[PDB]
Amino acid sequence: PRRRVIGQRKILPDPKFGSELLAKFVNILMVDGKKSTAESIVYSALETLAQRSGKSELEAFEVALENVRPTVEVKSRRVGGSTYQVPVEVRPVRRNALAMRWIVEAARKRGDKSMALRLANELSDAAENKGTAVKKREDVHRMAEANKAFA
Amino acid sequence: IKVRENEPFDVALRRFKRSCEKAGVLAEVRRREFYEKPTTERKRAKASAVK
Amino acid sequence: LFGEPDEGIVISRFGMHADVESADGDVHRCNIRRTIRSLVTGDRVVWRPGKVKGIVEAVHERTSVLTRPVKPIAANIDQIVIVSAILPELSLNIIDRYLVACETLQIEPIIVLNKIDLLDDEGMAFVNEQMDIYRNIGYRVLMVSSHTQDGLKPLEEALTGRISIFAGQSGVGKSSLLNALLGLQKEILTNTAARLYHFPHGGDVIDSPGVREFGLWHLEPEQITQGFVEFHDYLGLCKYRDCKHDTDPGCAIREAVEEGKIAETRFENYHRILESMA
Amino acid sequence: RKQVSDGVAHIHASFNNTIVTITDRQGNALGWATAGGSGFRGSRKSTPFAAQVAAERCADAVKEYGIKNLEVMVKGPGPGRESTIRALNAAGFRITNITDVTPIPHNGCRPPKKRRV
RNA sequence: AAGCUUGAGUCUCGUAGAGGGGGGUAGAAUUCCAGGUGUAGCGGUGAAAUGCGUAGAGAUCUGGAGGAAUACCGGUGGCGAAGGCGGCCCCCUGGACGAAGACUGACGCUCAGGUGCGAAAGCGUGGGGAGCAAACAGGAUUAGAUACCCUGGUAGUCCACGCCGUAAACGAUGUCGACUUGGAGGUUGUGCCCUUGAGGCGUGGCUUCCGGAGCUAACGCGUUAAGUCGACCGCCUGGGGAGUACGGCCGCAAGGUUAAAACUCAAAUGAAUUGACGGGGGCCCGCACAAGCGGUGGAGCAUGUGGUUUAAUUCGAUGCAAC
């Protein structure tokens with residue numbers, strides 16, 4: 001994409017929210033290539049998050065994703081093989097994409113029954129800005145605005 | 001020279017005026033400058049600049 | 001050219017020719033035909049006179065046990081003498097490089113420490129200790145002086161019935177020992193067809209000064225490894241594939257070094273050699 | 001020696017290193033730290049790091065003199081007039097103004113000429 | 001044979017300049033040389049290390065020197081014979097325009113010998129030394145290093161002179177002069193328009209390029225010639241063998257200077273095309289990067305191969321591809 005750069009594809013959302021945020025995100029887990037059954041165990045978590053948010057399942061996500069999402073980043077493409085290190089604004093397609101992924105990437109293969117829990121336990125934590133995913137918002141921005149010496 | 005640095009202190013915002021100051025003349029004094037290289041020069045003395 | 005086929009061993013590389021000492025023992029400076037090419041000094045050859053000039057039209061260079069770039073010099077070298085002194089700087093990798101090679105080649109090193117006499121009580125000892133690393137590793141050390149050409153009999157006897165060779169660096173008195181051995185100086189040096197000599201107690205020796213100030217030759221990775229068999233044993237030590245003899249978790253070879261179960265030098269040398277081919 | 005809490009950050013950057021003295025504005029020397037005195041004695045001191053730390057290590061240990069206003073008076077061209085100035089302004093100071101200092105050499109002495117490989 | 005003057009020459013008068021000798025000198029510095037604070041460094045490098053500092057050094061601050069050394073002068077500016085010339089006086093000085101007649105009145109051109117001067121090392125031979133670098137050396141890697149790499153130094157530099165006469169002492173353009181493209185440029189005099197700043201604007205002399213024809217092989221050059229002329233002076237003679245021996249010579253010497261053969265080859269070159277490589281570069285693309293996602297591989301397991309066994313473990317299997 002050296003000629004014309006890009007985000008994601010064939011995504012599928014919610015028949016109850018229609019939220020893309022939730023769509024690109026529900027999706028992420030797939031590499032099961034079917035969120036005809038993916039989505040379910042995250043809702044138990046987002047439900048426990050729904051409560052934990054004081055909102056619904058939709059907006060259980062929302063809160064935790066807005067914590068999670070980066071507002072800046074540092075970007076690489078390697079111009080000349082060069083070590084890019086200058087602070088940049090994380091593009092939305094990343095904001096979202098990476099963020100959504102980050103939450104999901106923080107409740108993985110584990111040690112006990114039900115992801116429902118596993119997710120639940122990730123979810124509110126990301127709600128509280130002390131999730132893993134939100135800490136990637138709060139680590140990428142730390143590298144930003146403190147290095148600019150190299151090209 | 002100065003950029004009223006009240007903040008800046010890594011960068012200096014200076015690359016102008018080297019002709020009796022900084023890297024220009026100061027790198028060429030107690031380091032060797034040869035005579036079997038600007039002996040090219042006689043003929044070659046105006047070409048390698050912007051580069 | 002043609003002549004009468006006769007056997008000989010190539011006594012010398014006569015530059016342009018090769019000089020062949022016949023089966024009888026008669027040396028004939030011979031030509032070497034466009035037709036033959038697998039010739040080296042030491043080859044048993046069919047050489048023919050003319051109808052001296054000879055011509056060579058058959059050779060016999062037996063199997064590899066040493067090269068430069070990667071091209072056998074001879075054969076029946078059952079022992080490689082890695083002969084050293086410190087000229088003009090030196091390193092443990094350099095002797096080891098030769099050792100790794102001796103080990104690879106399956107030609108016996110007899111590690112000869114020249115200038116033993118030169119080396120003070122401390123120096124001789126230090127050097128012996130170093131010589132010992134290799135020795136411990138399996139490569140016997142013979143203390144000789146380059147100059148004094150000491151331990152000459154133990155060396156000679158090691159030479160008996162076999163062919164030996166002189167390896168090292170800038171006339172590290174290798175040249176000196178060679179002179180003793182011969183009992184005639186044929187080389188000094190200080191800071192693939194060449195010439196061969198025959199031993200009286202049995203066996204032979206091959207020499208060239210050119211070899212002696214050093215550069216080094218092309219090789220492959222496995223050979224370096226062959227240079228160190230203790231690594232095989234370490235390869236088995238972690239995993240059914242031990243990283244790669246070098247660091248990475250579960251590199252036994254590396255561990256064995258960390259332990260000191262292997263000497264460090266072997267690993268180090270493994271690297272100088274490894275890098276050079278690459 | 002002296003203080004006025006206004007100082008100078010003499011940065012004595014140096015080829016394989018960078019040595020830094022923070023000095024009172026008035027003079028003295030108040031701290032000093034090097035870059036090849038930020039240990040380093042290799043490509044390491046030939047790092048900016050060498051300086052970063054160099055300056056830093058100087059720049060702290062001059063504030064005994066209360067220094068927190070520095071002009072930076074960049075001297076030396078070692079890998080440390082970034083890192084070192086880093087660690088000079090930002091080293092318990094507000095940098096009050098930057099400058100670089102130089103004269104009209106006319107020398108005497110012969111320096112080296114040795115190499116040719 | 002006598003004249004001209006016109007060339008020349010000369011004598012009349014601008015103008016710029018790093019030309020010089022010899023020296024005034026200036027202000028900085030290199031370096032010299034020192035503490036304090038300050039503090040462990042400095043230092044260096046491939047990578048380091050010797051070195052050094054730690055003794056306070058370096059740093060930095062504080063002090064001065066030493067002896068040595070002088071940007072932007074830097075403009076196709078300008079000056080020089082060149083070989084070559086820019087830190088500030090003075091001199092001594094060399095060389096030099098435009099603008100003036102004129103006169104002398106051919107004083108013109110060029111040069112083998114010869115000759116002056118002739119970059120540097122060097123050198124003689126002493127200077128010089130505040131300092132550096134052959135040689136020569138520690139560390140120092142490095143294949144080898146004895147290289148890299150680092151920690152130093154006499155000649156000579158750092159000084160005076162003598163002593164080379166060679167320096168790709170090269171557009172490898174000899175001299176001189178004349179003759180041969182438009183164009184668009186430079187400097188430096190000076191003409192002129194309100195001097196329109198001295199200006200604005202001629203013209204010289206001089207500088208740039210392009211600049212034609214031409215030429216050249218061609219490159220290119222192309223009036224800056226690499227284009228037409230002359231004299232003059234000097235050149236080339238296939239390539240090596242050779243600023244060197246013989247030889248002879250200059251030189252203290254270095255060594256120059258000068259100045260070989262056999263031998264040796266059927267060859268030596270310019271420029272040019274069309275090239276492709278470049279420890280080149282300049283430029284883009286591509287699950288190539290990149291941003292992800294997952295994969296392979298690992299365990300257990302396969303399949304093929306390898307390997308081994310096997311009598312065979314049947315031939316065709318190899319980056320990628322055993323598959």
# chains A, B, ... in the order shown; residues from 1 in each chain; ligands from 1
>>> interface_residues(of="chain E", to="chain C", cutoff="10 Å", atoms="only C-alpha atoms (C1' of nucleotides)", output="PDB file with N, CA and C atoms (P, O5', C5', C4', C3', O3' and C1' of nucleotides), in the first residue's frame")
ATOM      1  P     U E 141      43.628  -5.752  20.279  1.00  0.00           P
ATOM      2  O5'   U E 141      42.589  -6.691  19.583  1.00  0.00           O
ATOM      3  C5'   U E 141      41.248  -6.402  19.180  1.00  0.00           C
ATOM      4  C4'   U E 141      41.123  -5.769  17.819  1.00  0.00           C
ATOM      5  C3'   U E 141      41.027  -6.623  16.618  1.00  0.00           C
ATOM      6  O3'   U E 141      39.711  -6.812  16.156  1.00  0.00           O
ATOM      7  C1'   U E 141      42.689  -5.087  16.356  1.00  0.00           C
ATOM      8  P     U E 142      39.679  -7.981  15.127  1.00  0.00           P
ATOM      9  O5'   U E 142      40.042  -7.452  13.783  1.00  0.00           O
ATOM     10  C5'   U E 142      40.062  -6.674  12.680  1.00  0.00           C
ATOM     11  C4'   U E 142      41.381  -7.044  12.008  1.00  0.00           C
ATOM     12  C3'   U E 142      41.673  -8.470  11.897  1.00  0.00           C
ATOM     13  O3'   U E 142      40.918  -8.965  10.876  1.00  0.00           O
ATOM     14  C1'   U E 142      43.605  -7.632  12.491  1.00  0.00           C
ATOM     15  P     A E 143      40.158 -10.215  11.331  1.00  0.00           P
ATOM     16  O5'   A E 143      41.259 -11.302  11.141  1.00  0.00           O
ATOM     17  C5'   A E 143      40.846 -12.590  10.665  1.00  0.00           C
ATOM     18  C4'   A E 143      41.995 -13.300   9.984  1.00  0.00           C
ATOM     19  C3'   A E 143      43.314 -12.822  10.394  1.00  0.00           C
ATOM     20  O3'   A E 143      43.583 -13.401  11.660  1.00  0.00           O
ATOM     21  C1'   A E 143      43.333 -13.137   8.116  1.00  0.00           C
ATOM     22  P     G E 144      44.542 -12.536  12.492  1.00  0.00           P
ATOM     23  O5'   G E 144      45.750 -12.547  11.555  1.00  0.00           O
ATOM     24  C5'   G E 144      46.737 -13.543  11.536  1.00  0.00           C
ATOM     25  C4'   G E 144      47.662 -13.337  10.348  1.00  0.00           C
ATOM     26  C3'   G E 144      48.289 -11.977  10.564  1.00  0.00           C
ATOM     27  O3'   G E 144      49.231 -12.000  11.604  1.00  0.00           O
ATOM     28  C1'   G E 144      47.521 -11.922   8.484  1.00  0.00           C
ATOM     29  P     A E 145      48.739 -11.250  12.924  1.00  0.00           P
ATOM     30  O5'   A E 145      48.998  -9.844  12.374  1.00  0.00           O
ATOM     31  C5'   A E 145      50.199  -9.225  12.742  1.00  0.00           C
ATOM     32  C4'   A E 145      49.873  -7.922  13.376  1.00  0.00           C
ATOM     33  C3'   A E 145      48.497  -7.696  13.929  1.00  0.00           C
ATOM     34  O3'   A E 145      48.474  -6.745  14.927  1.00  0.00           O
ATOM     35  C1'   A E 145      48.698  -6.433  12.078  1.00  0.00           C
ATOM     36  P     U E 146      49.083  -5.382  15.246  1.00  0.00           P
ATOM     37  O5'   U E 146      50.472  -5.346  14.609  1.00  0.00           O
ATOM     38  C5'   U E 146      51.665  -5.825  15.227  1.00  0.00           C
ATOM     39  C4'   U E 146      52.762  -5.810  14.171  1.00  0.00           C
ATOM     40  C3'   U E 146      52.439  -4.975  12.973  1.00  0.00           C
ATOM     41  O3'   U E 146      52.263  -3.637  13.426  1.00  0.00           O
ATOM     42  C1'   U E 146      53.795  -6.799  12.347  1.00  0.00           C
TER      43        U E 146
END
>>> residues_around(residues="residue 183 in chain E", least_positions_apart="4", cutoff="12 Å", atoms="only C-alpha atoms (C1' of nucleotides)", output="ChimeraX atom specification")
/E:209-212
>>> write_last_selection(atoms="N, CA, C and O atoms (P, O5', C5', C4', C3', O3' and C1' of nucleotides)", output="PDB file, in the first residue's frame")
ATOM      1  P     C E 209      35.099  31.277 -20.365  1.00  0.00           P
ATOM      2  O5'   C E 209      33.950  30.403 -20.883  1.00  0.00           O
ATOM      3  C5'   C E 209      33.523  29.413 -19.957  1.00  0.00           C
ATOM      4  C4'   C E 209      32.057  29.388 -20.048  1.00  0.00           C
ATOM      5  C3'   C E 209      31.543  29.438 -21.458  1.00  0.00           C
ATOM      6  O3'   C E 209      31.796  28.189 -22.062  1.00  0.00           O
ATOM      7  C1'   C E 209      30.407  30.998 -20.289  1.00  0.00           C
ATOM      8  P     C E 210      32.097  27.916 -23.575  1.00  0.00           P
ATOM      9  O5'   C E 210      30.669  27.942 -23.855  1.00  0.00           O
ATOM     10  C5'   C E 210      29.715  27.057 -23.324  1.00  0.00           C
ATOM     11  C4'   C E 210      28.385  27.713 -23.532  1.00  0.00           C
ATOM     12  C3'   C E 210      28.417  27.984 -24.968  1.00  0.00           C
ATOM     13  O3'   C E 210      28.345  26.747 -25.666  1.00  0.00           O
ATOM     14  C1'   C E 210      27.751  29.902 -23.886  1.00  0.00           C
ATOM     15  P     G E 211      29.456  26.569 -26.781  1.00  0.00           P
ATOM     16  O5'   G E 211      29.024  27.773 -27.586  1.00  0.00           O
ATOM     17  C5'   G E 211      27.642  27.982 -27.947  1.00  0.00           C
ATOM     18  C4'   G E 211      27.477  29.307 -28.626  1.00  0.00           C
ATOM     19  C3'   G E 211      28.597  29.372 -29.601  1.00  0.00           C
ATOM     20  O3'   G E 211      28.414  28.624 -30.727  1.00  0.00           O
ATOM     21  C1'   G E 211      28.875  31.114 -28.402  1.00  0.00           C
ATOM     22  P     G E 212      29.359  27.368 -30.785  1.00  0.00           P
ATOM     23  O5'   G E 212      29.152  27.025 -32.240  1.00  0.00           O
ATOM     24  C5'   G E 212      27.859  27.073 -32.808  1.00  0.00           C
ATOM     25  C4'   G E 212      27.951  27.916 -34.039  1.00  0.00           C
ATOM     26  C3'   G E 212      29.050  27.404 -34.946  1.00  0.00           C
ATOM     27  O3'   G E 212      28.672  26.154 -35.458  1.00  0.00           O
ATOM     28  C1'   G E 212      29.216  29.644 -34.801  1.00  0.00           C
TER      29        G E 212
END
>>> residues_around(residues="residue 35 in chain B", least_positions_apart="6", cutoff="12 Å", atoms="only C-alpha atoms (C1' of nucleotides)", output="number ranges by chain")
B: 41-42; D: 113, 116; E: 119-120
>>> residues_around(residues="range 7-22 of chain B", least_positions_apart="2", cutoff="9 Å", atoms="only C-alpha atoms (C1' of nucleotides)", output="number ranges by chain")
A: 149; B: 1-5, 24-27; D: 72, 77, 80-90, 94-105; E: 71-72
>>> select_by_dssp(residues="range 55-262 of chain C", states="alpha helix (DSSP H)", output="PyMOL selection string")
chain C and resi 92-105+121-136+152-159+174-182+209-212+221-226+230-237+252-259
>>> write_last_selection(atoms="C-alpha atoms", output="compact mmCIF listing (two decimals), in the first residue's frame")
# COMPACT_ATOMS: atom_id res chain seq x y z
CA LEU C 92 44.04 -18.74 20.53
CA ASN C 93 41.57 -18.77 17.63
CA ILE C 94 44.50 -19.03 15.21
CA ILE C 95 45.88 -22.29 16.73
CA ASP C 96 42.35 -23.46 17.26
CA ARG C 97 41.51 -22.58 13.68
CA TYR C 98 44.19 -24.98 12.74
CA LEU C 99 42.94 -27.40 15.38
CA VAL C 100 39.42 -27.23 14.24
CA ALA C 101 40.72 -27.99 10.89
CA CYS C 102 42.96 -30.79 12.14
CA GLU C 103 39.98 -32.24 13.85
CA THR C 104 37.77 -31.79 10.86
CA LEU C 105 40.24 -33.31 8.52
CA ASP C 121 59.16 -19.84 33.69
CA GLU C 122 55.94 -17.83 33.86
CA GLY C 123 55.65 -17.45 30.10
CA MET C 124 56.36 -21.04 29.30
CA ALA C 125 53.89 -22.07 31.89
CA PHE C 126 51.22 -19.69 30.65
CA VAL C 127 51.71 -20.81 27.17
CA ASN C 128 51.80 -24.38 28.28
CA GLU C 129 48.49 -23.81 30.03
CA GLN C 130 47.08 -22.41 26.86
CA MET C 131 48.68 -25.25 24.98
CA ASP C 132 47.09 -27.40 27.54
CA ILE C 133 43.61 -26.16 26.69
CA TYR C 134 43.98 -27.69 23.35
CA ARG C 135 45.81 -30.58 24.83
CA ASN C 136 43.09 -31.18 27.33
CA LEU C 152 62.71 -32.99 18.29
CA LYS C 153 62.76 -36.70 18.76
CA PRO C 154 59.19 -36.93 20.11
CA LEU C 155 58.19 -35.04 17.11
CA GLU C 156 60.30 -37.22 14.78
CA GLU C 157 58.93 -40.34 16.11
CA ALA C 158 55.52 -38.87 15.69
CA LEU C 159 56.65 -38.29 12.07
CA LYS C 174 58.43 -23.06 12.25
CA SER C 175 60.92 -22.50 9.65
CA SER C 176 63.56 -23.06 12.25
CA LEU C 177 62.22 -26.40 13.38
CA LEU C 178 61.85 -27.47 9.83
CA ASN C 179 65.51 -26.80 9.49
CA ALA C 180 66.33 -29.01 12.44
CA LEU C 181 64.12 -31.77 11.35
CA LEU C 182 65.55 -31.82 7.96
CA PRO C 209 57.12 -20.65 3.66
CA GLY C 210 54.28 -18.89 1.69
CA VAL C 211 51.71 -20.72 3.74
CA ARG C 212 53.48 -19.69 6.90
CA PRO C 221 30.13 -24.46 9.03
CA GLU C 222 29.97 -28.22 9.89
CA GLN C 223 33.75 -28.52 9.73
CA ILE C 224 34.23 -25.95 12.45
CA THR C 225 31.88 -28.00 14.51
CA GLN C 226 33.89 -31.10 13.56
CA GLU C 230 32.20 -32.06 22.53
CA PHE C 231 29.57 -29.85 20.94
CA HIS C 232 27.86 -32.95 19.51
CA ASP C 233 27.49 -34.14 22.98
CA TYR C 234 26.11 -30.77 23.93
CA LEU C 235 23.79 -30.77 20.94
CA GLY C 236 22.14 -33.71 22.53
CA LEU C 237 22.07 -31.93 25.96
CA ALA C 252 23.36 -26.75 25.65
CA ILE C 253 26.47 -26.03 23.83
CA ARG C 254 26.11 -22.52 25.09
CA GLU C 255 25.24 -23.89 28.48
CA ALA C 256 28.19 -26.17 28.49
CA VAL C 257 30.28 -23.13 27.89
CA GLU C 258 28.46 -21.24 30.64
CA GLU C 259 29.31 -24.11 32.83
>>> interface_residues(of="chain E", to="chain B", cutoff="12 Å", atoms="only C-alpha atoms (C1' of nucleotides)", output="list in words")
residues 28, 29, 30, 31, 69, 70, 71, 72, 74, 84, 119, 120, 131, 132, 133, 167, 168, 170, 171 and 281 of chain E
